[PDB]
Amino acid sequence: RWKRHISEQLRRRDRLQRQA
């Protein structure tokens, strides 16, 4: 499910990679 919430983020603002 997170794939839909990340697919748009990782594509726009992939700032989660640093958040972990």
# chains A, B, ... in the order shown; residues from 1 in each chain; ligands from 1

call {"tool": "select_by_dssp", "arguments": {"residues": "chain A", "states": "alpha helix (DSSP H)", "output": "list in words"}}
result
residues 2, 3, 4, 5, 6, 7, 9, 10, 11, 12, 16, 17, 18 and 19 of chain A

call {"tool": "write_last_selection", "arguments": {"atoms": "C-alpha atoms", "output": "tab-separated table (two decimals), in the first residue's frame"}}
result
chain	number	residue	atom	x	y	z
A	2	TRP	CA	2.87	2.35	0.83
A	3	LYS	CA	3.97	1.87	-2.78
A	4	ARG	CA	1.23	4.29	-3.82
A	5	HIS	CA	2.20	6.80	-1.14
A	6	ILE	CA	5.89	6.48	-2.01
A	7	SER	CA	5.65	6.04	-5.79
A	9	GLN	CA	6.96	10.84	-3.35
A	10	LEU	CA	10.10	8.99	-4.44
A	11	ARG	CA	9.31	10.46	-7.86
A	12	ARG	CA	8.76	14.02	-6.62
A	16	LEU	CA	11.95	9.57	2.83
A	17	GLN	CA	15.13	7.74	1.81
A	18	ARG	CA	16.92	9.85	4.42
A	19	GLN	CA	14.12	9.47	6.97
